[PDB]
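Reviewing the structure listed below.
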Amino acid sequence: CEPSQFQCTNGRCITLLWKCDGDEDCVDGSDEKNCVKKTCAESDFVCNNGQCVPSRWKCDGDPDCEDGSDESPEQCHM
Amino acid sequence: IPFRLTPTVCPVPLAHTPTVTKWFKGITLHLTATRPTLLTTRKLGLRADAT
Amino acid sequence: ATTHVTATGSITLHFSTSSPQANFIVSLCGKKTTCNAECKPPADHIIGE
Ligand SMILES: [Ca+2]
Ligand SMILES: [Ca+2]
């Protein structure tokens, strides 16, 4: 697209300010890829492999981590 | 020397679109602007009376 | 620049001129005709093209 624009895989041009900013806008997901790690957030739970999930998903009874660490008893002791 | 000057994209204000009153060999712009705004006019001919 | 031609009929054509008089020659498959009218000055003063 334009030099000040980023081209998604669907042929739609967005701005570079929308590249790696947390929200996905390129339909398929061409944005929010590569760049640097987002290192989760202060209000987000960190899975053992490095995946970031919302903190309300920690020990809710259902697995949400890829490795299933969110339901492990090591972090929440029943 | 850290903190390299890099080219990014920034938003810049868009002024109010001027109403044009149209007379026989001229235009009159009304040009409301709260802040200083650059108006540049040129003639599309041999002598560009650039104001 | 190119129009369709039936065995008989009429075709409309838009033209732009600068003369006050429309006394030019129009050709249609090389057949020449002469138009004649008086072209009024425009009312709007400023145009975008
Ligand atoms: Ca985005
Ligand atoms: Ca969960």
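Residue numbers start at 1 in each chain; chains themselves are named A, B, ... in the order of the structure tokens; ligands are numbered from 1 in the order shown.
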
- [ ] For chain C, list the residues within 8 Å of chain B, counting only C-alpha atoms, and write the list as a ChimeraX atom specification.
- [x] /C:44-46

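Note that DSSP on the backbone gives helix (DSSP H, G or I) to these residues of chain A: residues 16, 17, 18, 55, 56, 57, 69, 70 and 71 of chain A.
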
TODO: Take CA of residue 21 in chain C and CA of residue 37 in chain C and report the distance between them in Å, one decimal.
DONE: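 Between these atoms lies a distance of 6.1 Å.
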
Task: Counting only C-alpha atoms, the option among B:15, B:50, B:9, B:39 closest to chain A - done: B:9

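Taking only C-alpha atoms and all ligand atoms into account, ligand 1 has within 9 Å the residues residues 14, 15, 16, 17, 18, 19, 20, 21, 22, 23, 24, 25, 26, 29, 30, 31 and 32 of chain A.
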
Residues of the last selection are to be written out with C-alpha atoms, as a CSV table (one decimal), in the first residue's frame.
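Generated output (again-v3.csv):
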chain,number,residue,atom,x,y,z
A,14,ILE,CA,-4.3,0.0,7.7
A,15,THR,CA,-1.9,2.4,9.5
A,16,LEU,CA,1.5,1.5,11.1
A,17,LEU,CA,0.0,2.8,14.4
A,18,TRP,CA,-2.3,-0.3,14.3
A,19,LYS,CA,0.6,-2.7,13.8
A,20,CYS,CA,1.5,-4.6,17.0
A,21,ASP,CA,-0.8,-2.5,19.3
A,22,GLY,CA,-2.8,-5.3,21.1
A,23,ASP,CA,-5.9,-5.4,18.9
A,24,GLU,CA,-6.1,-7.4,15.6
A,25,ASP,CA,-7.4,-5.4,12.6
A,26,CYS,CA,-6.1,-7.3,9.6
A,29,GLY,CA,-4.2,-11.6,11.7
A,30,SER,CA,-1.2,-10.2,9.7
A,31,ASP,CA,-0.9,-7.5,12.3
A,32,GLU,CA,0.0,-8.3,15.9

Around ligand 2, out to 7 Å and counting only C-alpha atoms and all ligand atoms, which residues are there? I want them as a PDB file with C-alpha atoms, in the first residue's frame.
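Everything below was put into out_10.pdb:
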ATOM      1  CA  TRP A  57      -9.705 -17.445  33.913  1.00  0.00           C
ATOM      2  CA  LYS A  58      -7.322 -18.676  36.643  1.00  0.00           C
ATOM      3  CA  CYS A  59      -8.872 -21.707  38.401  1.00  0.00           C
ATOM      4  CA  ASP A  60     -12.382 -21.211  37.033  1.00  0.00           C
ATOM      5  CA  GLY A  61     -12.868 -24.971  36.599  1.00  0.00           C
ATOM      6  CA  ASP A  62     -12.047 -25.119  32.877  1.00  0.00           C
ATOM      7  CA  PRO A  63      -8.654 -25.250  31.126  1.00  0.00           C
ATOM      8  CA  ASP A  64      -7.579 -22.214  29.118  1.00  0.00           C
ATOM      9  CA  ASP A  70      -4.503 -22.530  34.718  1.00  0.00           C
ATOM     10  CA  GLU A  71      -6.276 -25.459  36.430  1.00  0.00           C
TER      11      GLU A  71
END

Find the spatial neighbours of residue 52 in chain A, counting only C-alpha atoms, within a cut-off of 9 Å - ignore same-chain residues fewer than 5 positions away - and output them as an mmCIF file with N, CA, C and O atoms, in the first residue's frame.
data_model
loop_
_atom_site.group_PDB
_atom_site.id
_atom_site.type_symbol
_atom_site.label_atom_id
_atom_site.label_comp_id
_atom_site.auth_asym_id
_atom_site.auth_seq_id
_atom_site.Cartn_x
_atom_site.Cartn_y
_atom_site.Cartn_z
ATOM 1 N N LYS A 38 4.644 -9.199 24.097
ATOM 2 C CA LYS A 38 3.803 -8.252 24.816
ATOM 3 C C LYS A 38 3.937 -8.366 26.328
ATOM 4 O O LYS A 38 3.336 -7.552 27.040
ATOM 5 N N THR A 39 4.704 -9.355 26.814
ATOM 6 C CA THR A 39 4.958 -9.716 28.216
ATOM 7 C C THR A 39 3.732 -9.583 29.121
ATOM 8 O O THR A 39 3.851 -9.192 30.289
ATOM 9 N N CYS A 40 2.566 -9.968 28.592
ATOM 10 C CA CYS A 40 1.282 -9.959 29.291
ATOM 11 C C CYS A 40 0.965 -8.601 29.907
ATOM 12 O O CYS A 40 1.257 -7.557 29.313
ATOM 13 N N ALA A 41 0.371 -8.606 31.098
ATOM 14 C CA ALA A 41 -0.005 -7.378 31.780
ATOM 15 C C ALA A 41 -0.020 -7.636 33.279
ATOM 16 O O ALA A 41 0.063 -8.779 33.735
ATOM 17 N N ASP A 44 -3.070 -9.738 34.183
ATOM 18 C CA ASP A 44 -3.219 -10.924 33.355
ATOM 19 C C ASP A 44 -2.413 -12.073 33.945
ATOM 20 O O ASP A 44 -1.286 -11.879 34.411
ATOM 21 N N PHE A 45 -2.997 -13.267 33.920
ATOM 22 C CA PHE A 45 -2.309 -14.456 34.395
ATOM 23 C C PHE A 45 -1.367 -14.981 33.318
ATOM 24 O O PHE A 45 -1.668 -14.923 32.121
ATOM 25 N N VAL A 46 -0.218 -15.489 33.755
ATOM 26 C CA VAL A 46 0.835 -15.964 32.867
ATOM 27 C C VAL A 46 0.839 -17.486 32.917
ATOM 28 O O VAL A 46 1.011 -18.076 33.990
ATOM 29 N N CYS A 47 0.648 -18.120 31.762
ATOM 30 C CA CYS A 47 0.738 -19.569 31.687
ATOM 31 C C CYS A 47 2.207 -19.990 31.760
ATOM 32 O O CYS A 47 3.122 -19.172 31.625
ATOM 33 N N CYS A 65 -5.158 -22.427 29.409
ATOM 34 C CA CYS A 65 -3.789 -22.467 28.913
ATOM 35 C C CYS A 65 -3.631 -23.592 27.893
ATOM 36 O O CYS A 65 -4.385 -24.570 27.883
#

TODO: Give me the residues within 10 Å of residue 35 in chain C as a ChimeraX atom specification, counting only C-alpha atoms and dropping any in the same chain fewer than 3 places off.
DONE: /C:21-26,32

Task: CA of residue 16 in chain B to CA of residue 33 in chain B, straight-line distance in Å - done: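 Between these atoms lies a distance of 7.0 Å.
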
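One distance worth recording is that between CA of residue 19 in chain B and CA of residue 49 in chain B, which is 22.1 Å.
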
Task: residue 27 in chain A environment, 10 Å, only C-alpha atoms, sequence neighbours closer than 5 positions dropped, as a ChimeraX atom specification - done: /A:8-10,12

Please dump the current selection as a PDB file, in the first residue's frame; keep N, CA, C and O atoms.
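Final output, saved to result35.pdb:
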ATOM      1  N   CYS A   8      -2.385  -5.726   4.837  1.00  0.00           N
ATOM      2  CA  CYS A   8      -2.734  -7.018   5.401  1.00  0.00           C
ATOM      3  C   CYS A   8      -2.761  -8.076   4.300  1.00  0.00           C
ATOM      4  O   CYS A   8      -2.597  -7.785   3.112  1.00  0.00           O
ATOM      5  N   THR A   9      -2.973  -9.332   4.700  1.00  0.00           N
ATOM      6  CA  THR A   9      -3.061 -10.422   3.736  1.00  0.00           C
ATOM      7  C   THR A   9      -4.363 -10.407   2.948  1.00  0.00           C
ATOM      8  O   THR A   9      -4.463 -11.110   1.937  1.00  0.00           O
ATOM      9  N   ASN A  10      -5.355  -9.633   3.379  1.00  0.00           N
ATOM     10  CA  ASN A  10      -6.626  -9.523   2.678  1.00  0.00           C
ATOM     11  C   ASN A  10      -6.662  -8.361   1.695  1.00  0.00           C
ATOM     12  O   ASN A  10      -7.714  -8.102   1.102  1.00  0.00           O
ATOM     13  N   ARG A  12      -6.268  -5.151   2.463  1.00  0.00           N
ATOM     14  CA  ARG A  12      -6.750  -3.936   3.105  1.00  0.00           C
ATOM     15  C   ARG A  12      -5.581  -3.197   3.741  1.00  0.00           C
ATOM     16  O   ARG A  12      -4.736  -3.813   4.399  1.00  0.00           O
TER      17      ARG A  12
END

Task: Nearest to chain B by atom-to-atom distance, counting only C-alpha atoms, from A:50, A:6, A:1, A:55 - done: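 Using only C-alpha atoms, the shortest distance to chain B belongs to A:6.
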
Open item on the list: Going by DSSP on the backbone, which residues of chain C come out as strand (DSSP E or B)? List them as a ChimeraX atom specification.
Closed with: /C:21,25-28,31-34,38

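Here is the contact set of chain B against chain A, at 10 Å and counting only C-alpha atoms: residues 7, 8, 9 and 10 of chain B.
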